[PDB]
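Heads up: the structure comes next, in structure tokens.
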Amino acid sequence: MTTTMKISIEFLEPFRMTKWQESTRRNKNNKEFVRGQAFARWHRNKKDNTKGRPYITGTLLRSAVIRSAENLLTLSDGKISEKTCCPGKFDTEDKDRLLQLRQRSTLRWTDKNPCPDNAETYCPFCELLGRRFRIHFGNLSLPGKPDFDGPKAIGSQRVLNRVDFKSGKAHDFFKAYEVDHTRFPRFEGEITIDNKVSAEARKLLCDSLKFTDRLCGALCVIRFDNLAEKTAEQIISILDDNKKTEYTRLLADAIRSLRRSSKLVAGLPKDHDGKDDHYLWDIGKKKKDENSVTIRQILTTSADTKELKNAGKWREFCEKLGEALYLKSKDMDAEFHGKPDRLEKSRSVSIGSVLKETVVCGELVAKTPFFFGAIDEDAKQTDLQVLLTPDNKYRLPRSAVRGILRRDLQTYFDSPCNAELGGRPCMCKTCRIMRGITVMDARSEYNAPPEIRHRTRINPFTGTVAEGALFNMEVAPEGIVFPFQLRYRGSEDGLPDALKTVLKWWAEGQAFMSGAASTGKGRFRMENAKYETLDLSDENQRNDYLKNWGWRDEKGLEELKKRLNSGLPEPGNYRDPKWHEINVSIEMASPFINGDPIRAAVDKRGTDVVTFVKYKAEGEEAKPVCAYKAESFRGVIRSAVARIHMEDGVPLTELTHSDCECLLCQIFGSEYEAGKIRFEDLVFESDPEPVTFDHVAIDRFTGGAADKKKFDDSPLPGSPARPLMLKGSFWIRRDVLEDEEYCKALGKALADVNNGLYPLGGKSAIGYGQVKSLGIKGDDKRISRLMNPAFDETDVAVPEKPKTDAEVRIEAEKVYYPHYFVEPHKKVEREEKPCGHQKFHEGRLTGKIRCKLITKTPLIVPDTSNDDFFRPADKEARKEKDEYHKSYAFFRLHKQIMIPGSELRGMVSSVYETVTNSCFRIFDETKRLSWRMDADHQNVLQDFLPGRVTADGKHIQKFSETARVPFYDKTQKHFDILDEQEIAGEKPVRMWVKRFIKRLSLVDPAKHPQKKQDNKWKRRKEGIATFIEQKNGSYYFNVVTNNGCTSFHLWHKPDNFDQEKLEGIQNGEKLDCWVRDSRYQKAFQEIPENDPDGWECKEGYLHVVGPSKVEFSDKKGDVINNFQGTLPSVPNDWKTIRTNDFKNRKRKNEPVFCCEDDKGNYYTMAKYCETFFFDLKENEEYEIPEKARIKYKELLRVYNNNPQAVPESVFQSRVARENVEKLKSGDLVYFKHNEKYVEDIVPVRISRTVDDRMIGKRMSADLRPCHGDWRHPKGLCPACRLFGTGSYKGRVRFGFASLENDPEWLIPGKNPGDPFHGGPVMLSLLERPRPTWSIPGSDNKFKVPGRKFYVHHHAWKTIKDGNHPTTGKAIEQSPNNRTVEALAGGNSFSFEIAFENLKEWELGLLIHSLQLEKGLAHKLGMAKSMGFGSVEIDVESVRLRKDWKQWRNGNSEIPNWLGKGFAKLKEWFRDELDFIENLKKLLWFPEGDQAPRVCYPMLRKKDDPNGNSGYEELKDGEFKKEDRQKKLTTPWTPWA
RNA sequence: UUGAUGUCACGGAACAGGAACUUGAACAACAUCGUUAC
RNA sequence: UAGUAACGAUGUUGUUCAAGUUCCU
């Protein structure tokens, strides 16, 4: 007897949904069940398991329909069709049930009786209220009734907020799910309306259903009728296989960066030779086992698998892979909800019968990257994230637009509302409007990943970052466009004034929507405004608005967007928006860098840091542009303000801003209230192409690049020719400009910044940044009036340089050496506390210095961008891979001759650090040394005994003695009769040994004229002689010793005087003879057929190493000559090499083996024997400590890595041929013991000896790098307080030097008329330095000498000629010398030097070190072992800075400073100033008619046209072993 | 998968504070191999 | 019985980032 009507809702906006809960806290007492009553619910079948589906109840729809009906009747005076309606009833006397009352002030129309219940003919409205059910509202659910496995399958729990208004930060919050509508856009249900209801109540229900528009926080229209895990596993396996386990986080952060596109993986960088040996993109590979994969291979093959070809797949893959790697790397409260008041009765009030509706379409675009924080879980790599759509589209939620409209409305009036989440609705002026506003979401259809940014927080006590401040953040692109649609219905005749004013504000570009706005995030600007006002009061109009569901749906919206007139309605009373723009323009004079190492690691240019770059969207694609972060600029200006004002003694950079109204706490804000100034990024107005400068860290001792310390960087170029402008803006609140204290502080700070202090950018310590002029405009001279440069010009020239006093005695016929170490003192002072980079202190100085660099010897400063600068053109450029002769140019920035500031900083820092006897800034505390031990029995080889390590690597069993077995000869066969299991040293062998051979002579006492002078015939006894056979070379004999107990046969060789008794031979003659004993240590397999004498059979271990000790050469040496032609080739394998020739030919002495390869090499190989250790003594083993293992590892490392070794792999020793890395169970060892402990292990008979202590422990314990904790403590070497260190900023900045006049090259160029290019010169070999020649021995008598200052001389005339410095022979090109273009003497450069917080004596010593005495000179440039690079420096104006107004040129105080500095130096050391005497002796310059010849020695004396006793003779006599330390420390000692 | 005579949740901005920065001359001379003789 | 004496040849490149903080109020 009923009829069913089925309905269906289609959402237009992400709806919300509450959380499941068990059926016990489902009462009006749980504050979380309520406050979630107007959302959708989530039922899970099979309770206690999160598996279910969502639904919308029916009571909710009923209440919405009731409310809309109430709204509809009062709109038509209560006449439904013909009859009138009753006023309805909303009172019920019971209040135990009804977990929610009503607090809404229901409407009113045609006041009359409330139609009591005891009746029969109800009012249609009461027929709808339900006075077995007349109307039954059924549940709604999903169409197909599916089942998912949890709420996190369709939604994402996000946090919502509630901010204050005065202290505009926050309050309590609360979180609630929300589900997208592009994946669940339809529900379904039904309504069972009874038969005997009415014919108009059905119409009322139809209209009311068509009038409702929002159900669960979202607009609705109701109608009726598997790889990344294993890839990460494998990559971690690669990284742990090798020891490269510390590049893991960098790999994660760099791989995650590839999600932008899959075409970058084929563009990863390469090594410095174009090879494929990057330092992290090619880990895992090994020389052996080319089946080993590299990371680049993994990334290239997985870049194309037909499933990672779509954008979304590749992006998801990169993201999850990065997260996995990161998580692998890492392990190496007040939510107020509800309080609705349970009110008994609602205050029924009426509102009227007019209702006007206003629709405003249009769109708002972005003008600056925005930010809507939505930090989720299970993604812990970014820690400041944005809000995205399940298909990666940028959205702005409606809650944000609503909150911002509320804030702007409150700002238009001057009254903050104070609603408190409960009770009667508020009635103030700004909530009577916000109760009729409806907005909509947006999607922006951009679909591209967001960029990342890095941030820090600098500690203003040392200058570096604080312990625990470094975080990421991601910002959406700039220029994205969202659609916008706003609607308002009420009683006015259109929009109120407030809304017109606020929309005009947004139409002028001041819609500061949300985000970290303090640093210039989103600032949207509304465009293309339209509007149109409908009229719900009449009847011909309302019916149409009801016929098509208003115009909420898509087609309705499109049909309606053709009926609007353009242009917003201008207000009646404007209000002058409260944010005022200010323009900024900076101009630089140097390079500029803003670090970004991750992009550098991915980029193809192959550098280490690359400047910052941002993107901007154009609808579907981005286009990069170079910029300067806004956080950095804000920080610079803030730290400029904070170091000036005092605020009751302690400067502002020491407070904590707990509750104080500090001047900072009111312009830049704090963590208790918002700020009053907002910045913006700075675009460059140009697109300069970046450059690349190289760097290196010259060690102090043995000046030459330290290990692992080369690098580079890619800053932007800028010079006084092109000054690299910067444009920007920043907004400031209106009621700050009207103040008179704040604008004063801002003006003062910008005055400080414009004067040159506070450099913008990165490595400002070598001349980056250097702001030149900062001019702002747009504030009516309210700030731009404190920034005028005002100073004085009190002129006084600089005091002239003092006269030198250190002299040298230099003559001719003597040659000198170019190193001359400078021994240091023994006391470094470290008991002063550093100052700190806070307020400019009072008793200290701060200013600039300008100098003037003038050269007096050719100078070389190369430009290492490209080689082959001097290439003869009109020929092929180059093959892909070759070893050519590298040619360089001079340094040029924009076709201008300059000198980088780092050079000058290094030079001045070395001089100034050795003046004051300070800690070795950079130094190498590793790399234990090693020397080839000499050949002499009494000295080194007496103590090295044979041995053998046991089966367990803990003991060595010594042998007793040994003798040698000959291989490689022709007089035996030990390679064919022995197995590979004995010649390898594992199986004991039984050989025949002999110790003494015996000679024979016929006449002892008559040989005294010819023989009997060698004094070795002092143990002969007697001998009878026999004869049994005659030969062609010798005579057979038998002899007895004293009485016939021993009898030995042999073959005697006679001479002239022996022939006489031989003439008669009757084979039975008993001649008397004399036998002699000699030494003969040998061991054969069985016996030779020529010596059947007394041999002892022995047993022991045999070992061989192979054919080594080869004297190879390249010039057809002596022994190669006088051969018999047809030199054979190098055999393919040993055990086959036999001796050809003999070195001595008169007798058959030491043999050789001559061969030759295809190239011009000529080999020769002595060592025709191997050794055999026998008599393995038992019950005697020695323990191996770990020092022996370390030393042996080092020895093997030195053996197997040798650039000078023999090219033939067969002539090498066994340690180098097989690449052994550890001592195994049993092998060949010559150990050396002392009281049950071994000390050294050496593989061969004569090998190198390693020292134990690393080089770092051979200095004084106080000259090691003054580093460590040993605010900041006081323990710093005096040179690490002027120049910085790790964890303390320096206080001196150098600058790029520039040349003004004409170049005046060394040798003229190839084309005259163009005097901007020089001619090339060729240089010598210039090999690396050998720290083992100044530390000859290893025991304890040798310490580390000084700092290796090169001397001044004129040896460049020879190189300009073209001959070698030592010899006079010509020098030819090869891939080991360079060809550079150089300058000459007599050019002038000019640079600047800034400082700050200097004492009065630190400046004294610094200005001593900048300009020296009148006869000395500095030294910088390439190849200064020859004569190249000799500069002296003069100091011009020294203008100080007394206060931010004036500058007070201080030329006229230098002698005061110099005296004070020298007085301090004298205070440190009383009369122990020898090192300064030496240092002055070394910087002396040959002034005139003094041409001291210096050069490096040669190897031997027989390869120089002059014969000056090269190195091989200096090793004894003058520089023997003890006089090196002395004859090298003396400043000038002739090399003789 | 609710309950009926009473739901302003379009009733609540995930907001407020933070300098990818500190230190570092693109440079440079003597080593590398083992045994042979008595 | 029971180890002593020290000679011969002249050729050749290397490092290409390291040490720090990596999130909190």
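Following the order of the structure tokens, first chain is A, next is B, and so on, with residues numbered from 1 inside each chain and ligands from 1 in the order they appear.
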Give the strand (DSSP E) residues of region 1119-1188 of chain A, as DSSP finds them on the backbone, and put them as a PyMOL selection string.
chain A and resi 1154-1156+1162-1164+1170-1183
Taking only C-alpha atoms (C1' of nucleotides) into account, which residues of chain B are within 6 Å of chain A, as a PDB file with N, CA, C and O atoms (P, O5', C5', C4', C3', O3' and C1' of nucleotides), in the first residue's frame?
```pdb
ATOM      1  P     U B   5       8.508  11.484  16.008  1.00  0.00           P
ATOM      2  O5'   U B   5       7.996  12.979  15.823  1.00  0.00           O
ATOM      3  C5'   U B   5       8.045  13.615  14.551  1.00  0.00           C
ATOM      4  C4'   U B   5       8.770  14.937  14.615  1.00  0.00           C
ATOM      5  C3'   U B   5      10.151  14.885  15.264  1.00  0.00           C
ATOM      6  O3'   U B   5      11.026  15.813  14.635  1.00  0.00           O
ATOM      7  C1'   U B   5       8.752  16.353  16.484  1.00  0.00           C
ATOM      8  P     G B   6      12.612  15.665  14.830  1.00  0.00           P
ATOM      9  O5'   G B   6      13.053  17.071  15.426  1.00  0.00           O
ATOM     10  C5'   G B   6      12.894  18.266  14.670  1.00  0.00           C
ATOM     11  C4'   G B   6      13.864  19.335  15.106  1.00  0.00           C
ATOM     12  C3'   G B   6      15.307  18.868  15.279  1.00  0.00           C
ATOM     13  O3'   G B   6      16.191  19.922  14.907  1.00  0.00           O
ATOM     14  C1'   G B   6      14.518  19.757  17.313  1.00  0.00           C
ATOM     15  P     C B   8      22.289  22.847  15.056  1.00  0.00           P
ATOM     16  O5'   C B   8      22.970  23.624  13.850  1.00  0.00           O
ATOM     17  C5'   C B   8      22.390  23.598  12.559  1.00  0.00           C
ATOM     18  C4'   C B   8      22.823  24.783  11.739  1.00  0.00           C
ATOM     19  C3'   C B   8      24.248  24.761  11.214  1.00  0.00           C
ATOM     20  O3'   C B   8      24.380  24.000  10.030  1.00  0.00           O
ATOM     21  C1'   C B   8      23.781  26.871  12.163  1.00  0.00           C
ATOM     22  P     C B  10      30.975  22.262   7.003  1.00  0.00           P
ATOM     23  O5'   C B  10      30.482  23.711   6.574  1.00  0.00           O
ATOM     24  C5'   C B  10      31.080  24.873   7.127  1.00  0.00           C
ATOM     25  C4'   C B  10      30.512  26.137   6.535  1.00  0.00           C
ATOM     26  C3'   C B  10      28.995  26.172   6.397  1.00  0.00           C
ATOM     27  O3'   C B  10      28.536  27.503   6.603  1.00  0.00           O
ATOM     28  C1'   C B  10      29.984  26.464   4.282  1.00  0.00           C
ATOM     29  P     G B  12      33.757  27.984   9.948  1.00  0.00           P
ATOM     30  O5'   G B  12      34.922  27.738  10.995  1.00  0.00           O
ATOM     31  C5'   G B  12      35.432  28.810  11.775  1.00  0.00           C
ATOM     32  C4'   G B  12      36.809  28.506  12.298  1.00  0.00           C
ATOM     33  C3'   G B  12      37.761  27.909  11.270  1.00  0.00           C
ATOM     34  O3'   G B  12      39.082  28.373  11.527  1.00  0.00           O
ATOM     35  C1'   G B  12      37.514  26.417  13.074  1.00  0.00           C
ATOM     36  P     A B  13      39.618  29.704  10.813  1.00  0.00           P
ATOM     37  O5'   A B  13      40.231  29.179   9.446  1.00  0.00           O
ATOM     38  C5'   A B  13      41.228  28.167   9.449  1.00  0.00           C
ATOM     39  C4'   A B  13      41.871  28.000   8.096  1.00  0.00           C
ATOM     40  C3'   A B  13      43.117  27.130   8.091  1.00  0.00           C
ATOM     41  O3'   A B  13      43.219  26.430   6.855  1.00  0.00           O
ATOM     42  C1'   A B  13      43.678  29.327   7.415  1.00  0.00           C
ATOM     43  P     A B  14      43.221  24.824   6.841  1.00  0.00           P
ATOM     44  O5'   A B  14      44.759  24.435   6.738  1.00  0.00           O
ATOM     45  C5'   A B  14      45.374  23.624   7.731  1.00  0.00           C
ATOM     46  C4'   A B  14      46.536  24.340   8.367  1.00  0.00           C
ATOM     47  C3'   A B  14      47.849  24.309   7.588  1.00  0.00           C
ATOM     48  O3'   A B  14      48.503  25.555   7.780  1.00  0.00           O
ATOM     49  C1'   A B  14      48.212  23.524   9.754  1.00  0.00           C
ATOM     50  P     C B  15      49.519  26.138   6.691  1.00  0.00           P
ATOM     51  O5'   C B  15      49.193  27.689   6.697  1.00  0.00           O
ATOM     52  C5'   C B  15      50.081  28.600   7.318  1.00  0.00           C
ATOM     53  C4'   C B  15      49.494  29.219   8.560  1.00  0.00           C
ATOM     54  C3'   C B  15      50.494  29.936   9.442  1.00  0.00           C
ATOM     55  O3'   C B  15      50.818  31.227   8.981  1.00  0.00           O
ATOM     56  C1'   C B  15      49.212  28.510  10.773  1.00  0.00           C
ATOM     57  P     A B  16      52.329  31.547   8.558  1.00  0.00           P
ATOM     58  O5'   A B  16      53.050  31.846   9.939  1.00  0.00           O
ATOM     59  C5'   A B  16      52.599  32.906  10.764  1.00  0.00           C
ATOM     60  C4'   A B  16      53.270  32.896  12.111  1.00  0.00           C
ATOM     61  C3'   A B  16      54.780  32.801  12.115  1.00  0.00           C
ATOM     62  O3'   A B  16      55.400  34.044  11.848  1.00  0.00           O
ATOM     63  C1'   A B  16      53.884  31.344  13.736  1.00  0.00           C
ATOM     64  P     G B  17      56.626  34.141  10.823  1.00  0.00           P
ATOM     65  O5'   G B  17      57.874  33.628  11.661  1.00  0.00           O
ATOM     66  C5'   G B  17      58.421  34.412  12.708  1.00  0.00           C
ATOM     67  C4'   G B  17      59.690  33.805  13.248  1.00  0.00           C
ATOM     68  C3'   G B  17      60.642  33.236  12.217  1.00  0.00           C
ATOM     69  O3'   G B  17      61.468  34.244  11.667  1.00  0.00           O
ATOM     70  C1'   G B  17      60.386  31.711  14.015  1.00  0.00           C
ATOM     71  P     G B  18      62.036  34.119  10.176  1.00  0.00           P
ATOM     72  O5'   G B  18      63.343  33.232  10.340  1.00  0.00           O
ATOM     73  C5'   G B  18      64.261  33.467  11.399  1.00  0.00           C
ATOM     74  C4'   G B  18      65.348  32.424  11.431  1.00  0.00           C
ATOM     75  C3'   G B  18      66.019  32.169  10.088  1.00  0.00           C
ATOM     76  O3'   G B  18      67.405  31.921  10.285  1.00  0.00           O
ATOM     77  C1'   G B  18      65.093  30.155  10.906  1.00  0.00           C
ATOM     78  P     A B  19      68.456  33.110  10.072  1.00  0.00           P
ATOM     79  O5'   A B  19      68.687  33.140   8.504  1.00  0.00           O
ATOM     80  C5'   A B  19      68.958  31.943   7.791  1.00  0.00           C
ATOM     81  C4'   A B  19      69.281  32.216   6.346  1.00  0.00           C
ATOM     82  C3'   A B  19      70.150  31.161   5.679  1.00  0.00           C
ATOM     83  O3'   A B  19      69.832  31.100   4.291  1.00  0.00           O
ATOM     84  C1'   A B  19      71.296  33.219   5.700  1.00  0.00           C
ATOM     85  P     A B  20      69.185  29.768   3.672  1.00  0.00           P
ATOM     86  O5'   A B  20      70.290  29.235   2.670  1.00  0.00           O
ATOM     87  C5'   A B  20      70.574  27.850   2.577  1.00  0.00           C
ATOM     88  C4'   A B  20      72.054  27.599   2.628  1.00  0.00           C
ATOM     89  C3'   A B  20      72.795  27.729   1.298  1.00  0.00           C
ATOM     90  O3'   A B  20      74.118  28.160   1.592  1.00  0.00           O
ATOM     91  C1'   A B  20      73.191  25.630   2.187  1.00  0.00           C
ATOM     92  P     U B  22      80.044  31.040   3.900  1.00  0.00           P
ATOM     93  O5'   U B  22      80.896  30.230   4.965  1.00  0.00           O
ATOM     94  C5'   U B  22      80.874  30.599   6.332  1.00  0.00           C
ATOM     95  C4'   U B  22      81.892  29.832   7.136  1.00  0.00           C
ATOM     96  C3'   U B  22      83.220  29.570   6.454  1.00  0.00           C
ATOM     97  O3'   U B  22      84.100  30.671   6.573  1.00  0.00           O
ATOM     98  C1'   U B  22      82.436  27.593   7.494  1.00  0.00           C
ATOM     99  P     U B  23      85.234  30.943   5.475  1.00  0.00           P
ATOM    100  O5'   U B  23      86.245  29.731   5.659  1.00  0.00           O
ATOM    101  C5'   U B  23      87.078  29.658   6.801  1.00  0.00           C
ATOM    102  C4'   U B  23      87.990  28.460   6.762  1.00  0.00           C
ATOM    103  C3'   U B  23      88.748  28.233   5.470  1.00  0.00           C
ATOM    104  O3'   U B  23      89.914  29.029   5.402  1.00  0.00           O
ATOM    105  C1'   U B  23      87.821  26.194   6.227  1.00  0.00           C
ATOM    106  P     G B  24      90.517  29.474   3.987  1.00  0.00           P
ATOM    107  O5'   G B  24      91.006  28.115   3.338  1.00  0.00           O
ATOM    108  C5'   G B  24      91.980  27.304   3.977  1.00  0.00           C
ATOM    109  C4'   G B  24      92.428  26.202   3.064  1.00  0.00           C
ATOM    110  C3'   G B  24      92.764  26.690   1.657  1.00  0.00           C
ATOM    111  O3'   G B  24      93.958  26.090   1.170  1.00  0.00           O
ATOM    112  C1'   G B  24      91.109  24.988   1.563  1.00  0.00           C
ATOM    113  P     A B  25      95.284  26.988   1.040  1.00  0.00           P
ATOM    114  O5'   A B  25      95.068  27.837  -0.286  1.00  0.00           O
ATOM    115  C5'   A B  25      95.503  27.341  -1.546  1.00  0.00           C
ATOM    116  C4'   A B  25      95.494  28.406  -2.611  1.00  0.00           C
ATOM    117  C3'   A B  25      95.566  27.894  -4.050  1.00  0.00           C
ATOM    118  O3'   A B  25      94.809  28.756  -4.896  1.00  0.00           O
ATOM    119  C1'   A B  25      97.364  29.342  -3.645  1.00  0.00           C
ATOM    120  P     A B  26      93.793  28.155  -5.985  1.00  0.00           P
ATOM    121  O5'   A B  26      94.478  28.466  -7.387  1.00  0.00           O
ATOM    122  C5'   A B  26      94.193  27.680  -8.536  1.00  0.00           C
ATOM    123  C4'   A B  26      95.179  26.550  -8.657  1.00  0.00           C
ATOM    124  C3'   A B  26      96.246  26.637  -9.730  1.00  0.00           C
ATOM    125  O3'   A B  26      97.293  27.533  -9.389  1.00  0.00           O
ATOM    126  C1'   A B  26      95.464  24.405  -9.465  1.00  0.00           C
ATOM    127  P     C B  27      98.695  27.515 -10.177  1.00  0.00           P
ATOM    128  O5'   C B  27      99.517  26.307  -9.540  1.00  0.00           O
ATOM    129  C5'   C B  27     100.278  26.487  -8.354  1.00  0.00           C
ATOM    130  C4'   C B  27     100.557  25.177  -7.653  1.00  0.00           C
ATOM    131  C3'   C B  27     101.787  24.415  -8.101  1.00  0.00           C
ATOM    132  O3'   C B  27     102.984  24.936  -7.559  1.00  0.00           O
ATOM    133  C1'   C B  27      99.976  22.921  -7.861  1.00  0.00           C
ATOM    134  P     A B  28     104.203  25.317  -8.525  1.00  0.00           P
ATOM    135  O5'   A B  28     105.228  24.124  -8.345  1.00  0.00           O
ATOM    136  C5'   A B  28     105.652  23.731  -7.053  1.00  0.00           C
ATOM    137  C4'   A B  28     105.565  22.240  -6.903  1.00  0.00           C
ATOM    138  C3'   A B  28     106.720  21.451  -7.497  1.00  0.00           C
ATOM    139  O3'   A B  28     107.695  21.206  -6.499  1.00  0.00           O
ATOM    140  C1'   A B  28     104.589  20.470  -8.035  1.00  0.00           C
ATOM    141  P     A B  29     109.258  21.189  -6.829  1.00  0.00           P
ATOM    142  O5'   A B  29     109.645  19.651  -6.875  1.00  0.00           O
ATOM    143  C5'   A B  29     110.977  19.273  -7.190  1.00  0.00           C
ATOM    144  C4'   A B  29     111.290  17.854  -6.792  1.00  0.00           C
ATOM    145  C3'   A B  29     112.670  17.658  -6.191  1.00  0.00           C
ATOM    146  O3'   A B  29     112.631  16.548  -5.306  1.00  0.00           O
ATOM    147  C1'   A B  29     112.530  16.457  -8.210  1.00  0.00           C
ATOM    148  P     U B  32     111.387   4.740  -4.061  1.00  0.00           P
ATOM    149  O5'   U B  32     111.437   3.891  -5.402  1.00  0.00           O
ATOM    150  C5'   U B  32     110.424   4.027  -6.383  1.00  0.00           C
ATOM    151  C4'   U B  32     110.689   3.134  -7.566  1.00  0.00           C
ATOM    152  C3'   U B  32     111.110   1.714  -7.240  1.00  0.00           C
ATOM    153  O3'   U B  32     109.998   0.885  -6.961  1.00  0.00           O
ATOM    154  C1'   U B  32     112.517   2.606  -8.924  1.00  0.00           C
ATOM    155  P     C B  33     110.195  -0.555  -6.285  1.00  0.00           P
ATOM    156  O5'   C B  33     110.931  -1.407  -7.403  1.00  0.00           O
ATOM    157  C5'   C B  33     111.693  -2.540  -7.041  1.00  0.00           C
ATOM    158  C4'   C B  33     112.520  -3.056  -8.189  1.00  0.00           C
ATOM    159  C3'   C B  33     113.523  -4.133  -7.825  1.00  0.00           C
ATOM    160  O3'   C B  33     112.937  -5.417  -7.748  1.00  0.00           O
ATOM    161  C1'   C B  33     114.588  -2.496  -9.131  1.00  0.00           C
ATOM    162  P     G B  34     112.251  -5.902  -6.383  1.00  0.00           P
ATOM    163  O5'   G B  34     112.852  -7.350  -6.158  1.00  0.00           O
ATOM    164  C5'   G B  34     114.027  -7.523  -5.392  1.00  0.00           C
ATOM    165  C4'   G B  34     115.176  -7.994  -6.238  1.00  0.00           C
ATOM    166  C3'   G B  34     116.223  -8.819  -5.511  1.00  0.00           C
ATOM    167  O3'   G B  34     115.842 -10.184  -5.436  1.00  0.00           O
ATOM    168  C1'   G B  34     117.281  -7.134  -6.796  1.00  0.00           C
ATOM    169  P     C B  38     133.659 -16.779  -7.844  1.00  0.00           P
ATOM    170  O5'   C B  38     134.344 -16.883  -6.414  1.00  0.00           O
ATOM    171  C5'   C B  38     135.614 -16.300  -6.169  1.00  0.00           C
ATOM    172  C4'   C B  38     135.956 -16.356  -4.706  1.00  0.00           C
ATOM    173  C3'   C B  38     135.883 -17.733  -4.069  1.00  0.00           C
ATOM    174  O3'   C B  38     137.063 -18.491  -4.270  1.00  0.00           O
ATOM    175  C1'   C B  38     134.724 -16.179  -2.722  1.00  0.00           C
TER     176        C B  38
END
```
Select from chain C every residue with an atom at most 6 Å from any atom of chain A, then for each give the shortest pair of atoms and their distance in Å to one decimal, using only C-alpha atoms (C1' of nucleotides), rows by chain and rising number, as a Markdown table.
```
| residue | atom | partner | partner_atom | distance |
| --- | --- | --- | --- | --- |
| C:6 | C1' | A:936 | CA | 5.3 |
| C:9 | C1' | A:1111 | CA | 4.7 |
| C:12 | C1' | A:1204 | CA | 5.4 |
| C:15 | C1' | A:707 | CA | 5.0 |
| C:16 | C1' | A:710 | CA | 5.5 |
| C:17 | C1' | A:711 | CA | 5.1 |
| C:21 | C1' | A:467 | CA | 5.2 |
| C:22 | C1' | A:470 | CA | 5.7 |
| C:23 | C1' | A:471 | CA | 5.3 |
```
Just to confirm, what's the straight-line distance from CA of residue 1405 (chain A) to CA of residue 753 (chain A) in Å (one decimal)?
28.4 Å
A:227, A:1011, A:1501, A:387 ranked by distance to residue 307 (chain A), top pick (using only C-alpha atoms):
A:227
